[PDB]
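Starting off, we have a lone chain in the form deposited in one PDB entry, written out as structure tokens.
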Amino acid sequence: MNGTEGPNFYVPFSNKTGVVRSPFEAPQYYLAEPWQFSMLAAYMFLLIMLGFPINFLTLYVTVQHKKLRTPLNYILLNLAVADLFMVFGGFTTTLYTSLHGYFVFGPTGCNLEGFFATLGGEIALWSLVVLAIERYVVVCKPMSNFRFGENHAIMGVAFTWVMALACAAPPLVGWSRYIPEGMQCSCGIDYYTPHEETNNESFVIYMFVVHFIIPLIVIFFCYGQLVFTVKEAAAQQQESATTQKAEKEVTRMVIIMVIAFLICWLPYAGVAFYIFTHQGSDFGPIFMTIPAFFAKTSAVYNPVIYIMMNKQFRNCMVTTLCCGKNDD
């Protein structure tokens, strides 16, 4: 056996030497050097200390400024909340788990770590869908003469939570399950075993198709309609050069947010897909550790892209932080 399966775990280390132990019962220092567990710990700590303030700040500044009530403003406020859930709901546990070298909080801890990570990533993905659609509707006016205003913003936000929970929750109640990965200090969906009792196989498929592929198809479609229009379906829809310069700022930003998401998650995606199609194959704890922990930067990069690419949000922020002036 290249790995060591347990009732509820899969250590990617051979147990021919009898050293393997459950990620829920004892430290995993036999997996790698303890200084490496310290690095993860240190890493999560930074994510928590960076993520807590930038997201809260985003949330705070938005609520405080009434003029910030556009779909974008709404979507980023949403991510700010999702990130705070990742930070406090999951990172605190992954940090603590990394310090002890295992899930001292048992499966319940692993569920927290896996749930919120999955929730945060998915909220970010589906949020991208809502934004692409909003850019589609606002830059090409297809449908009719409807207003993707504040009302749809709310509906847009609720939507992201519905989809994301549709992906993150099932494994909490029987369909697939959260399980330790890599150095065993973070938890992800079970791509490691078939474990037919929780119908693992069908969930992984469901996840990659409905919670990865479909969303990308939708965004790709929207991207299609925007390239086309910025080319010929816009010169006839009379787009004042003054509006386009501010509607191009926003369109550029969504594209960047979409690229950042792919940069952040594709690595994890690939290793997961691989493991899933090579279960039992010979791979170490470092194989998934790097992509997994790297993906956790998803709790931080969005507010940052936001602050750096949306002048209005930036100025409001400086205003909030300087009390009065460098408003809404």
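Throughout, rigid core stands for the largest set of C-alpha atoms superposing within 1.5 Å between the two forms. When you see a residue number, it is the position in the sequence shown, counting from 1.
The entry models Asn326 and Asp327 with a gap of 1 to 3 deposited residues left without coordinates. As listed in the deposited structure, the average C-alpha B-factor of 302-310 and of 13-21 is greater for 13-21. As listed in the deposited structure, the average C-alpha B-factor of 23-31 and of 285-293 is greater for 23-31. The top Cα temperature factor in the record, among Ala169, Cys140, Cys187, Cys222, falls on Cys140.
The maximum CA B-factor among the listed residues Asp83, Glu113, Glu249, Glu122, taken from the PDB record, is found at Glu249. When all modelled residues of the chain are sorted by CA temperature factor, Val61 is found within the middle third. In this PDB entry, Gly149 carries a Cα temperature factor that places it within the highest third of its chain's modelled residues. Sort the chain's modelled residues by C-alpha temperature factor and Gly109 lands in the middle third, per the entry.
Among all modelled residues in its chain, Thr93 ranks in the lowest third by Cα B-factor. Among the modelled residues of its chain, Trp126 has a C-alpha B-factor that falls in the lowest third, as given in the PDB entry.
Although not depicted, the form deposited in another entry is the subject of the following passage.
With the core fitted between the shown form and the other one, just one of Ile255, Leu99, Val104, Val81 shows a Cα displacement of at least 2 Å, namely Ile255. Shown in the overlay between the shown form and the other one, fitted on the rigid core, is a CA shift at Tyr60 smaller than 2 Å. Relative to the superposed core, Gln279 undergoes a C-alpha shift of no less than 2 Å between the shown form and the other one. Core-superposed comparison between the shown form and the other one: the CA of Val19 stays below a 2 Å shift.
If you compare C-alpha positions, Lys245 and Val61 are 3 angstroms or more farther apart in the other entry than in the form on display. A change of 3 Å or more separates the two forms for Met308 and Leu57: their C-alpha atoms lie closer together in the other entry.
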